[PDB]
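Novice: One structure coming up, written as structure tokens, with questions to follow.
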Amino acid sequence: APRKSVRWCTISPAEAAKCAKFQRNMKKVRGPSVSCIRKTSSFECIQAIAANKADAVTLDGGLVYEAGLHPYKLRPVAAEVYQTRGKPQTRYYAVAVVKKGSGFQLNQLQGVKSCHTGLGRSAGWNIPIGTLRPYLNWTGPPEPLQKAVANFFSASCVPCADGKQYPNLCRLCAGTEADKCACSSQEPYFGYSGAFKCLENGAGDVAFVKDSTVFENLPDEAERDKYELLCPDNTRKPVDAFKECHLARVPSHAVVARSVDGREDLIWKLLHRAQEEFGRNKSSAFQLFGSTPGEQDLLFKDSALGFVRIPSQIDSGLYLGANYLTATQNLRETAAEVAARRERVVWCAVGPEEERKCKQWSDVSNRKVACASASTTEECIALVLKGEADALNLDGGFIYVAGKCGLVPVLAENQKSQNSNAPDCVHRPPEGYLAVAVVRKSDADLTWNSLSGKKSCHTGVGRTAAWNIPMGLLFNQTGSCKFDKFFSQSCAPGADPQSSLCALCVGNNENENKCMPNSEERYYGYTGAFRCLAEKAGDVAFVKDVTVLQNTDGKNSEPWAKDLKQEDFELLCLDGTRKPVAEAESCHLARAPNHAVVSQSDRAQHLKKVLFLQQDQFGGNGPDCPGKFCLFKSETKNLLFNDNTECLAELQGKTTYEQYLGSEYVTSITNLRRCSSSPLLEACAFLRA
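Going by PDB author numbering, the first residue of the sequence shown is number 1, and it counts up by one from there.
Have a look at this one:
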């Protein structure tokens, strides 16, 4: 039964004496004992870890990208949480340390000495070179970026550098014969604390190190004052100024096991007791961080406060918070590839259902647009976060998620509503929308309070229309965090398949794949949940009045209901009542925010333009939509946008969702997280700390 004690991979005789030293105290307090084994470098250790002659090790943001790289796909076990000199974070900033007097402003860097933390590490490599890119004069990857660096710097100390290939980069790395620049602390100017020394020592002219490394290495503000910083403003700034003068602020390092059969718990087991009874004035007898100055920075980072178990769907890219993985992937492309990307907008189409629409669109866009869809909106969103994708028109409630993750509204799903029309849609006041509980006409008595334990129709969970608004009320009036027993059983897209509220749900034409978030479920969208009441099955549905009209007296043509008179249904008023379809501007549930294309702010603004142009290349406004393509026009299916959507328009300054959606809804939609929530919102709650 003894779960196999873990095996940490060490890249040096010290990383081992260290695991050894730790080992002692493990059986000494008798917690989850380990067994470390050696593999020369971080990359070398990764292999043992995955091909399990080992299991887990700690590595820098950069290396994760690698750790999670296809050849070996490993999972970000637990990142180091560092002191923040504010509130303890994982995301470290990136700056380059410079000797005041050397004065060579970033740009003015051509051909001096460069000290590095290693080949491939965050601020130690991936980050610097990338910004030093433009200047470098490198065709692209076919010509290894590797040579442009030396060709750029008269000298460099880059651990794990392919020295015999072009000498120049190990030129600055002191060392044994072997160990000179051998990727491990068997080389001084390595990692943070190592590379740092490099500088002070003369041969070291500039390095880019942890926004602390100096502080790490300097307990004398007079000796600290001995330094200055290199900033993207090209000018130099103070040390502690790493907050306002620096390159990229990447997420820390982390422990990582195989994305497969991690032992993750076993792992966390260790880290926990370790963080419980050593370091932090916990074990005056032993500690794991404050370690040696002779072989500085070890297994993790010295003084790296604590850590956090990364919850589970996170994979390489995911943990890497788009922006940085962008930088890294970009490190292996051509301005061609690059350029192209930056304007050829990636879109995620909620399912194969939308996947083809975009495909179509990918074709008429004159290759301006291109997509990879994802299962459910969540995954789509997530995807954008992963960075493979760029956008999707999100539903209010859905957008909520985006924001909590850091996504900002770009253009809103404008109603095409009538009033005093003109291209002014482009920027028109959002008429929001009116969700309403349209009840089936005939059945009159089934009024408000009375709903008690019925069959119900939903556009989805976590969505405006039907979910959010309705659900909240009920619970407000029933505390049913275990909702079900209010609505005997319904059909809503996304709940527990084996939910006691899905059932009603039907799969594709071939009746398979029921109770899920995507239109390829005859009941998903404002649309299908209408199909639900009409299918005389679910005895009550809420959504916006608009959807009704969308599919009444011929407004729509699918055989199933093309027939139903708009007079076939009543609309359930709050005050007991059940008003007419049309007249819900009294009767409705309430008015809520429309949808809107949301994005990673840093891509978004550029999108805004392309959409503005693109939409007029289609739209229930322009001329070509009538012709060879319609965006905000579906086929009533309402993919990406609604066929009734005039143009995606300008927000009213409402950049954050907290803005767009707004306090009340904003707040209430979290009350709901209470009862149950998604791993994704969890993940966001966890990364965007």
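For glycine and all other residues, C-beta sits at the position ideal for the given N, C-alpha and C.
How long is the line joining the alpha carbons of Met516 and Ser312, rounded to whole angstroms?
Specialist: 21 angstroms
Novice: Of all the beta strand (DSSP E) runs that stay within the bounds of the stretch 384-465, which reach a length of 3 or more residues?
Specialist: 393-395, 407-413 and 433-440
Novice: Sort out for me which residues DSSP pairs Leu229 with in a bridge.
Specialist: Its beta-bridge partners are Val97 and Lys237.
Novice: Report the rounded CA-to-CA distance for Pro559 versus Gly576, giving the unit in angstroms.
Specialist: Straight-line Cα distance between these residues: approximately 33 angstroms.
Novice: Beta-carbon within less than 6 angstroms of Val436's beta-carbon, same chain only, minus the 5 sequence neighbours each way: which residues are those?
Specialist: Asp545, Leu571, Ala584, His588 and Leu589
Novice: Check whether the Cβ atoms of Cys183 and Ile11 lie closer than 9 angstroms to each other.
Specialist: yes
Novice: Taking the alpha helix (DSSP H) that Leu199 belongs to, which residues open and close that run?
Specialist: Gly191 to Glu200
Novice: Quick check: the stretch 59-78 against the stretch 311-329, are there 3 or more CB pairs under 8 angstroms?
Specialist: yes
Novice: Can you name the start and end residues of the alpha helix (DSSP H) that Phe686 belongs to?
Specialist: Start and end: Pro679 to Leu687.
Novice: According to the neighbour-count rule (16 or more other Cβ atoms, all chains shown, within 10 Å of its Cβ), is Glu80 buried or exposed?
Specialist: Buried, by the Cβ-count rule.
Novice: Should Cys481 be labelled buried (16 or more other beta-carbon atoms within 10 Å of its own) or exposed?
Specialist: exposed
Novice: Identify which residue in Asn509, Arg578 and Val461 has its Cα closest to the Cα of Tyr526.
Specialist: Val461
Novice: Which first and last residues belong to the beta strand (DSSP E) in which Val610 is found?
Specialist: Run containing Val610: none in the beta strand (DSSP E); it sits in the alpha helix (DSSP H), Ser601 to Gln615.
Novice: Taking C-alpha atoms, which residue in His253, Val255, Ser212 and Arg263 lies nearest to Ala241?
Specialist: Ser212
Novice: So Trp347 packs on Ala391, CB below 8 angstroms; how close in whole Å?
Specialist: With a beta-carbon spacing of about 5 angstroms, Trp347 and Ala391 fall inside the 8 angstroms limit used to define contacts.
Novice: If I'm right that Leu106 touches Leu218 with Cβ under 8 angstroms, what's the distance once you round it to whole angstroms?
Specialist: At roughly 22 angstroms, the Cβ-Cβ gap does not stay under 8 angstroms, so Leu106 and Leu218 are not in contact.
Novice: Our contact map puts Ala155 next to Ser114 with C-beta atoms below 8 angstroms; I'd like the distance itself, whole angstroms only.
Specialist: 7 angstroms
Novice: Any idea if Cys425 is buried or exposed, counting beta-carbon neighbours within 10 angstroms, 16 or more meaning buried?
Specialist: Per the 10 Å Cβ criterion, buried.
Novice: Closer than 7 angstroms by C-beta to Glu15: which residues in its own chain qualify, once you throw out the five before and the five after it? Chain order, please.
Specialist: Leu298 and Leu299
Novice: Would you mind reading off the limits of the alpha helix (DSSP H) that contains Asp205?
Specialist: Segment: none, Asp205 is in no alpha helix (DSSP H) and carries neither H nor E.
Novice: How many whole angstroms separate the CB atoms of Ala78 and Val255, which I take to be in contact at a CB cut-off of 8 angstroms?
Specialist: Sure, about 5 angstroms apart at Cβ, within 8 angstroms.
Novice: For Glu354, which option in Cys371, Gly204 and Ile381 has the closest C-alpha, if you only look at C-alpha atoms?
Specialist: Nearest to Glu354 by alpha-carbon distance, out of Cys371, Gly204 and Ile381, is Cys371.
Novice: Is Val666 near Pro409, with beta carbons less than 9 angstroms apart?
Specialist: One thing to note: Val666 has its Cβ no nearer than 9 angstroms to the Cβ of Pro409.
Novice: What's the C-alpha gap between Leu385 and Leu640?
Specialist: 18 angstroms
Novice: Determine the closest residue to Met471 out of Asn518, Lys164, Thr670 and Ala94, with distance taken between C-alpha atoms.
Specialist: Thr670
Novice: Run through DSSP, which three-state label would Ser156 get?
Specialist: Strand, per DSSP.
Novice: Per DSSP, what are the beta-bridge partners of residue 694 in this structure?
Specialist: The requested residue 694 does not occur in the structure, where the chain is confined to residues 1 to 689.
Novice: In terms of residue numbering, what span does the alpha helix (DSSP H) encompassing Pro134 cover?
Specialist: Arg133 to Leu136
Novice: On a Cα-Cα basis, can you pick out the residue from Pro493, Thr328, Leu611 and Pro429 that is closest to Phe530?
Specialist: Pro493
Novice: For the beta strand (DSSP E) that contains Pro580, what are its first and last residues?
Specialist: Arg578 to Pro580
Novice: Less than 7 angstroms between C-beta atoms, sequence neighbours within five positions excluded: which residues of the same chain meet that for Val149?
Specialist: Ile129, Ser156 and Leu169
Novice: On the criterion of 16 or more Cβ atoms from any shown chain inside 10 Å, does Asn137 qualify as buried, or is it exposed?
Specialist: Looking at its Cβ environment, which holds fewer than 16 other Cβ atoms inside 10 Å, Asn137 is exposed.
Novice: Residues in the same chain with beta-carbon distance under 6 angstroms from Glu228, minus the five sequence neighbours each way, listed in chain order, please.
Specialist: Once the five neighbours on either side are set aside, the close Cβ partners of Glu228 are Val98, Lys100 and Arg236.
Novice: Is the distance from the Cβ of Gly61 to the Cβ of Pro232 below 9 angstroms?
Specialist: no
Novice: For my contact list, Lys555 and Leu549 are in at a C-beta cut-off of 8 angstroms; report their separation, rounded to the angstrom.
Specialist: 6 angstroms
Novice: Run the CB neighbour count on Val369, radius 10 Å, all protein chains shown included, and call it buried at 16 or more, exposed below.
Specialist: buried
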